Amino acid sequence: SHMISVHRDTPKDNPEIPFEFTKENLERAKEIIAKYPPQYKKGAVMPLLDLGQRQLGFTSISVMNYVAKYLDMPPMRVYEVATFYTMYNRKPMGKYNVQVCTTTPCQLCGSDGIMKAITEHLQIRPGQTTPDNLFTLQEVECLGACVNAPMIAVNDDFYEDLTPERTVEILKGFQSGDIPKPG
Amino acid sequence: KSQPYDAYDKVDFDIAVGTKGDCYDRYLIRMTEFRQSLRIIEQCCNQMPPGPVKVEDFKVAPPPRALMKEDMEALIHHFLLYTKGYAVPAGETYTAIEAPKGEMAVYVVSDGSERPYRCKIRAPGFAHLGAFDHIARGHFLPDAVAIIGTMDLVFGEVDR
Amino acid sequence: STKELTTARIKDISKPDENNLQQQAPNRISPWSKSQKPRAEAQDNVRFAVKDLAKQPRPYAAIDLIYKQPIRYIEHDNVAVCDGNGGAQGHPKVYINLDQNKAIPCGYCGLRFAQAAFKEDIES
Amino acid sequence: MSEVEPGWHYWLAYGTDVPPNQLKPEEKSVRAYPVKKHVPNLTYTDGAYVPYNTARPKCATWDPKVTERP
Amino acid sequence: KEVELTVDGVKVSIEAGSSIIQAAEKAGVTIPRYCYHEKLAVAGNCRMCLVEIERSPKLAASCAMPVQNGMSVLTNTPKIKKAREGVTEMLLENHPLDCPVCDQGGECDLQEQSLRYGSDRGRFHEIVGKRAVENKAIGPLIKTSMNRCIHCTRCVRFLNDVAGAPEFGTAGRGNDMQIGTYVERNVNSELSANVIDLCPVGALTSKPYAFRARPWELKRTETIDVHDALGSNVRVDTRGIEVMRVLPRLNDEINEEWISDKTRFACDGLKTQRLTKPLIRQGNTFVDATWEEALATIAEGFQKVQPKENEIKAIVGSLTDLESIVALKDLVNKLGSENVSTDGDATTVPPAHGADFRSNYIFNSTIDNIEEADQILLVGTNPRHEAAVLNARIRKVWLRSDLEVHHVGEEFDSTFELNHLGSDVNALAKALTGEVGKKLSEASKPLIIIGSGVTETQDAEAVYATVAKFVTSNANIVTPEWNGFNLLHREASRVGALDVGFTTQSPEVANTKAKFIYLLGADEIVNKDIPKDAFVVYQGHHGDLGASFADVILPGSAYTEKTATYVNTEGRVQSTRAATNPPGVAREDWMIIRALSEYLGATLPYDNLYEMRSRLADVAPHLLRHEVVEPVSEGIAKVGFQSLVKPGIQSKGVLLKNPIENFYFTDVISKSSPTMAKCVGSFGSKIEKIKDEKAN
Amino acid sequence: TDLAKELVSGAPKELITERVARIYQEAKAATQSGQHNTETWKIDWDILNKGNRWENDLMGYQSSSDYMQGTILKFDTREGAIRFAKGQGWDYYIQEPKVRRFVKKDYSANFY
Ligand code: SF4
Ligand code: SF4
Ligand code: FES
Ligand code: FES
Ligand SMILES: [K+]
Ligand SMILES: [Zn+2]
């Protein structure tokens with residue numbers, strides 16, 4: 001993946017941008033803390049970061065500072081957690097994250113063809129974003145769905161047993177505005 | 001011949017030995033050593049083998065410059081050999097070689113550091129000149145000049 | 001003015017004169033180190049009383065020459081490799097990171113490397 | 001002997017078989033600074049090299065100032 | 001609890017739970033290490049200390065593996081030799097070839113341990129190249145070259161646990177993991193610069209010291225620090241006439257391998273604003289003069305004003321050596337004068353702690369007993385800024401035990417948890433009578449610490465009365481073995497000046513309008529009266545407000561240029577060692593007074609340093625016992641505390657303000673330091689600015 | 001021991017009546033974890049209060065008049081250093097080396 005260990009202030013991502021959990025996420029965050037002992041409430045950083053990431057769209061520096069202040073922890077401790085796990089998107093990202101597995105079990109059944117077909121359709125190389133901020137192609141490791149090796153992931157949904165002609169249809173569905181059937 | 005060193009055991013040469021023990025015998029020996037040295041030089045030219053010229057140990061011998069500028073370990077060894085030097089195990093030695101003047105020996109004392117603790121230099125000329133009184137007594141003044149010359153005296157060696 | 005001749009500055013506020021013997025270098029007026037003794041002060045010694053200052057060794061300032069070299073811009077790579085452009089006759093090979101949005105010089109040669117994507121930002 | 005240019009000093013001493021005027025363009029030295037006429041040894045003249053310290057003094061004295069008491 | 005183990009056939013015995021690497025050191029067996037430090041938490045991320053347990057098929061890290069009874073440890077088998085070469089090769093795989101341009105060259109642990117335990121040749125010929133890491137900006141003190149880091153986490157462990165600054169950590173995963181602060185900010189800690197010493201490689205280096213020297217050039221002198229009253233032991237490195245850098249040296253009783261950023265980075269002020277020549281004022285300008293002319297002018301100026309008994313005033317600064325204090329006192333005494341004091345602004349003419357009893361103004365518990373403290377009370381003090389090393393020691397005890405620290409006075413940013421009570425004597429009275437005073441009474445080894453800024457407030461008398469009454473009325477504070485009363489000074493000359501009685505206990509004397517003022521390094525004289533017609537002589541090593549207020553200036557030597565005696569806050573006598581000579585025609589400070597004495601008709605009987613030091617014994621017998629604290633006996637200590645109990649004295653309820661305003665500007669050397677100027681601009685006066693405004 | 005061996009050593013009288021030697025054991029450097037240099041006792045001389053170092057004006061060289069400035073003797077034991085200093089009739093003083101207090105260190109303490 002794209003691993004950078006240094007944050008650079010941007011108009012899209014800088015600590016000045018205010019962030020706060022909505023009144024819906026304020027209540028649901030309290031249940032998360034209740035799943036941990038009171039003297040070890042620092043173990044809820046991971047769910048809180050994802051809660052903010054889904055609300056805002058990505059794990060901005062404002063979200064990391066907000067979680068640090070919420071749990072009475074130094075900001076650097078939250079920075080270590082967010083930068084260690086690859087599912088914390090420290091950049092705006094697109095509406096649908098395209099995750100293509102390239103590991104050996106998936107590579108045997110033609111995962112290379114899946115990557116080739118998508119690159120020439122969306123016209124974005126892996127790690128890039130479509131101009132309309134709709135798609136995001138990402139190269140990912142094993143996701144566990146290796147028995148159905150030609151497998152891809154869009155946001156939170158899996159898509160197994162694919163072919164290059166099938167992957168275009170899935171992209172066409174999201175481009176049009178229709179959710180393809182996952183399976 | 002008594003304690004061969006540095007490939008002197010792989011060349012053939014002879015030693016001239018006098019009988020009367022005077023200057024003329026020593027002149028003849030030094031002329032034979034001239035031809036025997038030329039005999040050895042010819043063998044070294046023919047029998048020069050390939051291979052490294054220094055020990056393949058970068059903790060004592062400096063690494064090559066090209067390897068120094070490309071290898072991390074070579075740079076470290078180059079840096080430390082020129083700034084701190086190499087440590088020598090503690091102990092002492094008395095190493096002697098057949099110097100052209102005679103027997104030249106060094107008594108080096110090591111303390112486990114990178115600097116010798118003591119370095120006694122044994123000079124054959126220093127010992128030769130100490131016998132000048134015993135040898136030149138009764139001779140005439142021009143004979144002393146010959147005796148000084150026949151001892152092959154260099155006073156840097158004597159006064160090291 | 002004797003203030004530009006005795007103070008270390010990043011740049012000379014005027015154009016150096018190659019025929020002026022009070023400059024630190026023929027191509028640079030001011031010294032380039034805080035501990036570098038000014039040439040004008042050094043030449044004001046009893047040993048220069050009857051000595052011609054023109055024939056004294058006056059090598060060119062290396063700080064002004066190195067910054068006349070254009071920045072090397074690297075395409076499709078965030079790491080620059082420099083070994084002195086001579087190989088075995090250069091300097092030890094080092095790798096320079098180019099992630100930051102600025103030119104970063106070599107630790108030995110002083111040649112500055114940067115990415116081509118930052119070319120517009122650096123030049124302005 | 002010092003009047004011989006450093007280019008031809010090496011050739012005279014049998015250090016090489018290629019004179020500096022026969023040098024390949026890649027074998028020549030590249031100077032970013034201008035080149036002047038050869039200057040021989042300047043001893044026994046007024047142009048002799050005069051050594052000097054290139055470093056400033058290691059301690060700077062205090063610049064005195066007077067402040068009036070209230 | 002001892003366990004008899006074996007290390008390469010050597011019997012060892014240490015406490016249960018000790019690491020193998022600790023037992024190996026006790027047995028004389030050396031094990032290479034990068035990530036292990038005897039003052040940090042245990043990490044096993046470097047794998048250089050691997051040893052072979054006798055009956056086990058796995059190699060154990062000796063820094064983390066606990067010791068067992070009957071355990072036999074091998075440390076020099078060919079299997080371990082393979083491991084050391086293999087780990088060394090991995091460390092040097094991506095390391096940059098930077099030794100010539102790297103300031104750690106001659107003192108690099110990576111170089112020495114790779115030479116000693118690694119192979120002589122490398123095998124990395126990859127054309128893809130090494131890893132490249134950008135350099136982080138964390139302020140003007142720590143220079144970063146992160147290509148050279150070996151990911152050993154010494155800096156992370158120290159700054160989080162010892163220094164208490166959690167803004168430094170490890171961000172990333174795998175080969176892309178980078179040490180730093182992630183965001184663009186600086187490290188805010190008075191002990192941050194100790195990270196430079198702990199970093200075994202050139203990744204973290206001193207920025208002021210960068211490129212200026214190699215360790216083999218420097219000469220090492222074991223002297224003491226005078227920038228605070230702790231007397232931290234330091235190793236001053238010199239290259240001929242100039243001091244290059246200051247490093248800490250081990251002393252578990254005083255500083256424990258740590259020094260503050262003020263101590264090690266103020267050495268560059270020794271080259272700026274120095275007093276090198278005698279100066280004589282002529283109107284509004286100072287002109288140079290000879291020593292004979294300067295001393296004659298003082299004698300001529302002495303007879304111009306004709307001062308009487310108490311019209312001769314002597315003031316001693318924070319950096320004044322003890323030999324000069326006694327010499328100035330005796331010269332003052334020979335002139336029939338007793339008006340001697342320090343440049344402080346104590347409200348009461350006799351300080352509330354007084355000078356009759358040593359126990360009233362020293363750290364009676366000693367710094368090394370903080371490891372045993374159960375309860376600590378801070379009365380109007382800021383240990384983080386006044387005693388940076390001592391503050392870190394309290395945090396270490398706080399982390400590893402249930403020690404509770406209560407604070408009375410002005411709140412401050414602390415490295416531990418403070419149970420704040422109030423900001424006046426009224427809260428202290430409530431605390432010592434309430435639950436807070438019950439904890440101290442029930443504590444087995446309680447501690448009470450009074451700040452040096454208490455005597456500079458209008459409630460100085462009340463604070464020492466409240467504590468003394470509580471101390472005398474409770475039998476556990478003062479015992480034959482324990483003494484819980486402590487005073488934390490911030491100047492290295494206070495305890496030495498008080499041990500010799502260089503203070504006026506007579507209010508009438510201190511109110512005299514002086515005609516001849518002798519400033520011996522005194523510079524905080526804005527609030528101390530100086531008559532416009534008075535004749536002022538300043539003796540010191542830096543030109544400052546004291547020099548500007550003088551008429552004749554006598555240049556002296558600094559603490560690095562003289563063998564001088566300093567008594568720290570715990571009553572420990574320590575002697576400096578001269579590393580260089582004073583610049584110009586500056587002289588030793590005690591010789592200037594002796595030479596001037598002959599010009600005033602009061603020739604002192606001192607001729608050499610030994611005679612001067614013999615005078616110290618006459619003034620106080622404990623001043624010739626170096627590195628030894630002479631404690632006050634239990635019976636005498638109670639009388640001194642009882643003398644502080646003064647009934648019929650009111651409490652004004654004023655704030656116990658912290659004495660230090662700017663951490664980097666506390667004396668002449670620090671003010672003259674260009675590095676401290678950069679620290680104020682970047683870190684701030686209170687070290688509170690997280691963003692560097694002078695770094696681009 | 002009691003013999004005044006300085007009467008026959010040939011050294012100048014200034015070594016006795018004007019110079020002070022320090023018997024010390026080298027402290028561990030704060031920048032390195034090695035302790036090899038701390039295993040031996042050494043003797044050096046205190047600097048001259050004047051003339052220890054001064055700057056030569058021609059080239060900036062470090063001029064000196066102290067002939068003992070670069071002499072550092074090495075001893076294996078403290079008693080040997082004292083016996084030699086007493087034998088030569090030197091004015092000396094001993095700096096006792098600082099000993100590190102032993103504290104147990106285990107990985108379990110990182111959580112307990
Ligand atoms: S840290 Fe050590 S090995 Fe690395 S470049 Fe510096 S001196 Fe060389
Ligand atoms: S920067 Fe230095 S101290 Fe910190 S982990 Fe790297 S090598 Fe260790
Ligand atoms: S190998 Fe691709 S999902 Fe497991
Ligand atoms: S010293 Fe034990 S693994 Fe680092
Ligand atoms: K370091
Ligand atoms: Zn280069």
# chains A, B, ... in the order shown; residues from 1 in each chain; ligands from 1
>>> residues_around(residues="residue 66 of chain D", least_positions_apart="4", cutoff="8 Å", atoms="only C-alpha atoms", output="list in words")
residues 284, 285, 286, 548 and 549 of chain E
>>> interface_residues(of="chain D", to="chain C", cutoff="10 Å", atoms="only C-alpha atoms", output="compact mmCIF listing (two decimals) with C-alpha atoms, in the first residue's frame")
# COMPACT_ATOMS: atom_id res chain seq x y z
CA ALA D 32 34.21 25.83 -13.21
CA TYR D 33 36.63 28.71 -12.47
CA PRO D 34 38.61 30.72 -15.04
CA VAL D 39 52.78 31.61 -12.45
CA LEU D 42 57.54 33.44 -6.46
CA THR D 45 60.37 38.38 -4.79
CA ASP D 46 57.70 40.66 -3.36
CA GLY D 47 55.03 38.17 -4.48
CA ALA D 48 56.17 35.42 -2.11
CA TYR D 49 53.42 33.59 -0.25
CA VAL D 50 52.74 35.07 3.19
CA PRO D 51 51.11 32.61 5.63
CA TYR D 52 48.29 33.79 7.87
CA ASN D 53 45.62 32.37 10.15
CA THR D 54 42.30 31.85 8.36
CA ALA D 55 40.31 31.62 11.62
CA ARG D 56 38.89 34.34 13.83
CA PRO D 57 39.87 34.65 17.51
CA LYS D 58 38.09 32.07 19.65
>>> residues_near_ligand(ligand="ligand 5", cutoff="6 Å", atoms="only C-alpha atoms and all ligand atoms", output="list in words")
residues 196, 197, 199, 200, 201, 202, 204 and 205 of chain E
>>> residues_near_ligand(ligand="ligand 4", cutoff="7 Å", atoms="only C-alpha atoms and all ligand atoms", output="ChimeraX atom specification")
/E:33-36,43-50,61-64
>>> interface_residues(of="chain B", to="chain E", cutoff="8 Å", atoms="only C-alpha atoms", output="count of residues only")
15
>>> residues_near_ligand(ligand="ligand 3", cutoff="7 Å", atoms="only C-alpha atoms and all ligand atoms", output="PyMOL selection string")
chain A and resi 101-106+141-146+149+151
>>> write_last_selection(atoms="C-alpha atoms", output="CSV table (one decimal), in the first residue's frame")
chain,number,residue,atom,x,y,z
A,101,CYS,CA,-5.8,-8.8,-4.0
A,102,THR,CA,-2.5,-9.7,-5.6
A,103,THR,CA,-1.3,-12.5,-3.3
A,104,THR,CA,-0.3,-15.8,-4.7
A,105,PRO,CA,-3.6,-17.7,-4.2
A,106,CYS,CA,-5.4,-14.9,-6.0
A,141,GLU,CA,-2.9,-8.1,0.3
A,142,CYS,CA,-4.9,-11.2,1.1
A,143,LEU,CA,-8.5,-10.5,2.2
A,144,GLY,CA,-9.2,-14.2,3.1
A,145,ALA,CA,-11.5,-14.9,0.1
A,146,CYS,CA,-8.9,-17.0,-1.7
A,149,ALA,CA,-9.5,-16.3,-5.8
A,151,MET,CA,-12.0,-11.6,-5.7
>>> residues_around(residues="segment 40-57 of chain A", least_positions_apart="6", cutoff="12 Å", atoms="only C-alpha atoms", output="PyMOL selection string")
chain A and resi 12-13+17-34+63-75+77-97+133+155-156
>>> residues_near_ligand(ligand="ligand 2", cutoff="12 Å", atoms="only C-alpha atoms and all ligand atoms", output="number ranges by chain")
E: 33-37, 40, 43, 45-46, 91, 95, 104, 108-110, 133, 135-136, 142-159, 168-171, 177-181, 192-205; F: 31
>>> write_last_selection(atoms="C-alpha atoms", output="PDB file, in the first residue's frame")
ATOM      1  CA  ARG E  33      23.859  -4.298  22.834  1.00  0.00           C
ATOM      2  CA  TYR E  34      22.148  -1.451  20.997  1.00  0.00           C
ATOM      3  CA  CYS E  35      18.604  -1.201  22.374  1.00  0.00           C
ATOM      4  CA  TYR E  36      19.445  -1.933  26.034  1.00  0.00           C
ATOM      5  CA  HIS E  37      20.165   0.911  28.450  1.00  0.00           C
ATOM      6  CA  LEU E  40      15.316   2.784  30.287  1.00  0.00           C
ATOM      7  CA  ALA E  43      13.051  -3.559  24.844  1.00  0.00           C
ATOM      8  CA  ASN E  45      13.788  -4.894  19.241  1.00  0.00           C
ATOM      9  CA  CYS E  46      17.506  -4.963  18.354  1.00  0.00           C
ATOM     10  CA  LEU E  91      21.735  -3.207  10.738  1.00  0.00           C
ATOM     11  CA  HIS E  95      22.624   2.322   6.843  1.00  0.00           C
ATOM     12  CA  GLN E 104      29.240  10.245  15.735  1.00  0.00           C
ATOM     13  CA  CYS E 108      29.873   5.479  17.372  1.00  0.00           C
ATOM     14  CA  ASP E 109      28.625   2.313  19.049  1.00  0.00           C
ATOM     15  CA  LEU E 110      27.449   0.969  15.685  1.00  0.00           C
ATOM     16  CA  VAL E 133      14.245   8.848   5.058  1.00  0.00           C
ATOM     17  CA  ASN E 135      14.926  14.565   8.165  1.00  0.00           C
ATOM     18  CA  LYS E 136      12.468  15.687  10.832  1.00  0.00           C
ATOM     19  CA  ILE E 142      18.489  18.244  18.175  1.00  0.00           C
ATOM     20  CA  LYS E 143      19.807  17.723  14.650  1.00  0.00           C
ATOM     21  CA  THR E 144      18.143  14.817  12.850  1.00  0.00           C
ATOM     22  CA  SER E 145      19.620  12.563  10.154  1.00  0.00           C
ATOM     23  CA  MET E 146      17.077   9.753  10.193  1.00  0.00           C
ATOM     24  CA  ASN E 147      18.819   7.629   7.554  1.00  0.00           C
ATOM     25  CA  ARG E 148      21.280   6.646  10.301  1.00  0.00           C
ATOM     26  CA  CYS E 149      18.689   5.454  12.834  1.00  0.00           C
ATOM     27  CA  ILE E 150      18.694   1.742  13.643  1.00  0.00           C
ATOM     28  CA  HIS E 151      15.168   1.766  15.165  1.00  0.00           C
ATOM     29  CA  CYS E 152      16.318   1.137  18.723  1.00  0.00           C
ATOM     30  CA  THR E 153      13.630   3.224  20.523  1.00  0.00           C
ATOM     31  CA  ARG E 154      16.038   4.653  23.111  1.00  0.00           C
ATOM     32  CA  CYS E 155      14.757   8.143  22.293  1.00  0.00           C
ATOM     33  CA  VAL E 156      11.102   7.060  22.439  1.00  0.00           C
ATOM     34  CA  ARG E 157      11.538   5.273  25.769  1.00  0.00           C
ATOM     35  CA  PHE E 158      13.487   8.139  27.356  1.00  0.00           C
ATOM     36  CA  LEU E 159      11.246  11.012  26.258  1.00  0.00           C
ATOM     37  CA  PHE E 168       7.905  11.617  20.352  1.00  0.00           C
ATOM     38  CA  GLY E 169       7.119   8.135  19.102  1.00  0.00           C
ATOM     39  CA  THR E 170       7.264   5.614  16.276  1.00  0.00           C
ATOM     40  CA  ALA E 171       4.941   6.106  13.295  1.00  0.00           C
ATOM     41  CA  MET E 177       8.505   3.000  10.194  1.00  0.00           C
ATOM     42  CA  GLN E 178       9.976   6.420  11.003  1.00  0.00           C
ATOM     43  CA  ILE E 179      10.951   7.871  14.370  1.00  0.00           C
ATOM     44  CA  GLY E 180       9.689  11.379  15.019  1.00  0.00           C
ATOM     45  CA  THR E 181       6.622  13.401  15.946  1.00  0.00           C
ATOM     46  CA  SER E 192      15.289  16.610  25.583  1.00  0.00           C
ATOM     47  CA  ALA E 193      18.966  17.054  24.677  1.00  0.00           C
ATOM     48  CA  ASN E 194      19.869  13.909  26.647  1.00  0.00           C
ATOM     49  CA  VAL E 195      18.368  12.075  23.657  1.00  0.00           C
ATOM     50  CA  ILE E 196      21.562  12.992  21.783  1.00  0.00           C
ATOM     51  CA  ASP E 197      23.727  11.019  24.222  1.00  0.00           C
ATOM     52  CA  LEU E 198      21.331   8.056  24.275  1.00  0.00           C
ATOM     53  CA  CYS E 199      21.157   7.794  20.466  1.00  0.00           C
ATOM     54  CA  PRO E 200      23.979   5.328  19.700  1.00  0.00           C
ATOM     55  CA  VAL E 201      24.185   6.507  16.072  1.00  0.00           C
ATOM     56  CA  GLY E 202      24.308   9.835  14.239  1.00  0.00           C
ATOM     57  CA  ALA E 203      20.539   9.990  13.754  1.00  0.00           C
ATOM     58  CA  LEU E 204      20.226  12.462  16.649  1.00  0.00           C
ATOM     59  CA  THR E 205      23.140  14.854  17.157  1.00  0.00           C
TER      60      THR E 205
ATOM     61  CA  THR F  31      27.793   8.706  24.383  1.00  0.00           C
TER      62      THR F  31
END
>>> select_by_dssp(residues="chain C", states="strand (DSSP E or B)", output="VMD selection string")
chain C and resid 25 28 36 72 to 74 79 to 82 94 to 97 104 to 105 112 to 115
>>> write_last_selection(atoms="N, CA, C and O atoms", output="tab-separated table (two decimals), in the first residue's frame")
chain	number	residue	atom	x	y	z
C	25	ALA	N	37.23	36.42	-1.75
C	25	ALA	CA	37.58	35.63	-2.92
C	25	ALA	C	37.43	36.51	-4.15
C	25	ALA	O	36.74	37.54	-4.11
C	28	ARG	N	33.74	36.45	-4.72
C	28	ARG	CA	32.87	36.66	-3.57
C	28	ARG	C	33.47	37.69	-2.64
C	28	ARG	O	34.67	37.64	-2.33
C	36	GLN	N	35.43	32.29	9.82
C	36	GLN	CA	36.41	32.58	8.78
C	36	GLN	C	36.92	34.00	8.95
C	36	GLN	O	36.13	34.95	8.96
C	72	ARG	N	19.10	19.17	-10.06
C	72	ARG	CA	18.79	17.94	-10.77
C	72	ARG	C	17.38	17.49	-10.39
C	72	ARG	O	17.09	17.29	-9.21
C	73	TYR	N	16.52	17.33	-11.39
C	73	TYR	CA	15.14	16.93	-11.16
C	73	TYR	C	14.96	15.47	-11.55
C	73	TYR	O	15.31	15.07	-12.67
C	74	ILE	N	14.41	14.67	-10.63
C	74	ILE	CA	14.27	13.23	-10.81
C	74	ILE	C	12.83	12.92	-11.19
C	74	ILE	O	11.89	13.45	-10.58
C	79	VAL	N	13.77	9.11	-4.62
C	79	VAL	CA	15.09	8.91	-4.05
C	79	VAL	C	16.13	9.24	-5.11
C	79	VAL	O	16.01	8.79	-6.26
C	80	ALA	N	17.13	10.02	-4.74
C	80	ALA	CA	18.23	10.38	-5.62
C	80	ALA	C	19.51	9.72	-5.14
C	80	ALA	O	19.77	9.64	-3.94
C	81	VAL	N	20.32	9.26	-6.09
C	81	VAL	CA	21.56	8.55	-5.80
C	81	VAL	C	22.71	9.37	-6.37
C	81	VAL	O	22.72	9.71	-7.56
C	82	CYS	N	23.68	9.71	-5.52
C	82	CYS	CA	24.83	10.49	-5.93
C	82	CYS	C	26.11	9.87	-5.39
C	82	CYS	O	26.17	9.46	-4.23
C	94	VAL	N	25.61	7.81	-1.63
C	94	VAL	CA	24.57	8.07	-0.63
C	94	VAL	C	23.24	8.25	-1.34
C	94	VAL	O	23.17	8.59	-2.52
C	95	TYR	N	22.16	8.02	-0.59
C	95	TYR	CA	20.80	8.10	-1.11
C	95	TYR	C	20.07	9.24	-0.43
C	95	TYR	O	20.07	9.35	0.80
C	96	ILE	N	19.45	10.10	-1.24
C	96	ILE	CA	18.81	11.32	-0.76
C	96	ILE	C	17.30	11.17	-0.95
C	96	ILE	O	16.83	10.88	-2.06
C	97	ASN	N	16.55	11.36	0.13
C	97	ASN	CA	15.10	11.35	0.06
C	97	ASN	C	14.58	12.66	-0.51
C	97	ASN	O	15.10	13.74	-0.20
C	104	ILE	N	17.07	19.21	-1.99
C	104	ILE	CA	17.91	18.73	-0.91
C	104	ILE	C	19.30	18.46	-1.48
C	104	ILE	O	19.45	17.68	-2.42
C	105	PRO	N	20.35	19.07	-0.94
C	105	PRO	CA	21.69	18.92	-1.52
C	105	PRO	C	22.36	17.62	-1.10
C	105	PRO	O	21.98	16.96	-0.13
C	112	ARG	N	22.16	19.67	-5.66
C	112	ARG	CA	20.82	19.67	-5.11
C	112	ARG	C	19.89	18.85	-6.00
C	112	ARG	O	19.88	19.02	-7.22
C	113	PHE	N	19.12	17.96	-5.38
C	113	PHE	CA	18.21	17.07	-6.07
C	113	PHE	C	16.79	17.30	-5.59
C	113	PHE	O	16.56	17.64	-4.42
C	114	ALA	N	15.83	17.12	-6.50
C	114	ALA	CA	14.42	17.29	-6.17
C	114	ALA	C	13.59	16.55	-7.20
C	114	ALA	O	14.08	16.13	-8.25
C	115	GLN	N	12.31	16.37	-6.88
C	115	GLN	CA	11.38	15.76	-7.81
C	115	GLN	C	10.90	16.78	-8.83
C	115	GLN	O	10.86	17.99	-8.57
>>> closest_residue(among="C:100, C:92, C:40, C:86", to="ligand 1", atoms="only C-alpha atoms and all ligand atoms")
C:92
>>> closest_residue(among="C:122, C:5, C:98, C:109", to="chain E", atoms="only C-alpha atoms")
C:98
>>> residues_near_ligand(ligand="ligand 6", cutoff="7 Å", atoms="only C-alpha atoms and all ligand atoms", output="PDB file with N, CA, C and O atoms, in the first residue's frame")
ATOM      1  N   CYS C  82      23.681   9.707  -5.516  1.00  0.00           N
ATOM      2  CA  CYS C  82      24.834  10.490  -5.935  1.00  0.00           C
ATOM      3  C   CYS C  82      26.112   9.869  -5.393  1.00  0.00           C
ATOM      4  O   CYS C  82      26.171   9.463  -4.228  1.00  0.00           O
ATOM      5  N   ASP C  83      27.137   9.799  -6.249  1.00  0.00           N
ATOM      6  CA  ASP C  83      28.443   9.302  -5.832  1.00  0.00           C
ATOM      7  C   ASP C  83      29.578  10.184  -6.342  1.00  0.00           C
ATOM      8  O   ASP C  83      30.724   9.724  -6.413  1.00  0.00           O
ATOM      9  N   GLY C  84      29.292  11.434  -6.699  1.00  0.00           N
ATOM     10  CA  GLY C  84      30.312  12.356  -7.152  1.00  0.00           C
ATOM     11  C   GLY C  84      30.507  12.436  -8.647  1.00  0.00           C
ATOM     12  O   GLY C  84      31.433  13.123  -9.095  1.00  0.00           O
ATOM     13  N   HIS C  91      32.903  10.323  -4.358  1.00  0.00           N
ATOM     14  CA  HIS C  91      32.662  10.237  -2.926  1.00  0.00           C
ATOM     15  C   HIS C  91      31.806   9.017  -2.647  1.00  0.00           C
ATOM     16  O   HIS C  91      31.224   8.432  -3.566  1.00  0.00           O
ATOM     17  N   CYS C 106      23.381  17.258  -1.870  1.00  0.00           N
ATOM     18  CA  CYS C 106      24.212  16.112  -1.530  1.00  0.00           C
ATOM     19  C   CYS C 106      25.061  16.416  -0.303  1.00  0.00           C
ATOM     20  O   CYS C 106      25.489  17.554  -0.090  1.00  0.00           O
ATOM     21  N   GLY C 107      25.300  15.388   0.512  1.00  0.00           N
ATOM     22  CA  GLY C 107      26.110  15.569   1.703  1.00  0.00           C
ATOM     23  C   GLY C 107      27.585  15.760   1.424  1.00  0.00           C
ATOM     24  O   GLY C 107      28.317  16.217   2.309  1.00  0.00           O
ATOM     25  N   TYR C 108      28.040  15.417   0.220  1.00  0.00           N
ATOM     26  CA  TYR C 108      29.439  15.564  -0.160  1.00  0.00           C
ATOM     27  C   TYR C 108      29.630  16.604  -1.257  1.00  0.00           C
ATOM     28  O   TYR C 108      30.371  17.574  -1.073  1.00  0.00           O
ATOM     29  N   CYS C 109      28.971  16.424  -2.403  1.00  0.00           N
ATOM     30  CA  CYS C 109      29.177  17.311  -3.542  1.00  0.00           C
ATOM     31  C   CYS C 109      28.448  18.638  -3.387  1.00  0.00           C
ATOM     32  O   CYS C 109      28.901  19.653  -3.927  1.00  0.00           O
ATOM     33  N   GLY C 110      27.327  18.653  -2.673  1.00  0.00           N
ATOM     34  CA  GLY C 110      26.497  19.833  -2.601  1.00  0.00           C
ATOM     35  C   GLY C 110      25.539  20.009  -3.758  1.00  0.00           C
ATOM     36  O   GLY C 110      24.828  21.021  -3.800  1.00  0.00           O
ATOM     37  N   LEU C 111      25.503  19.069  -4.700  1.00  0.00           N
ATOM     38  CA  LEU C 111      24.519  19.121  -5.772  1.00  0.00           C
ATOM     39  C   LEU C 111      23.125  18.878  -5.209  1.00  0.00           C
ATOM     40  O   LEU C 111      22.918  17.985  -4.383  1.00  0.00           O
TER      41      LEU C 111
END
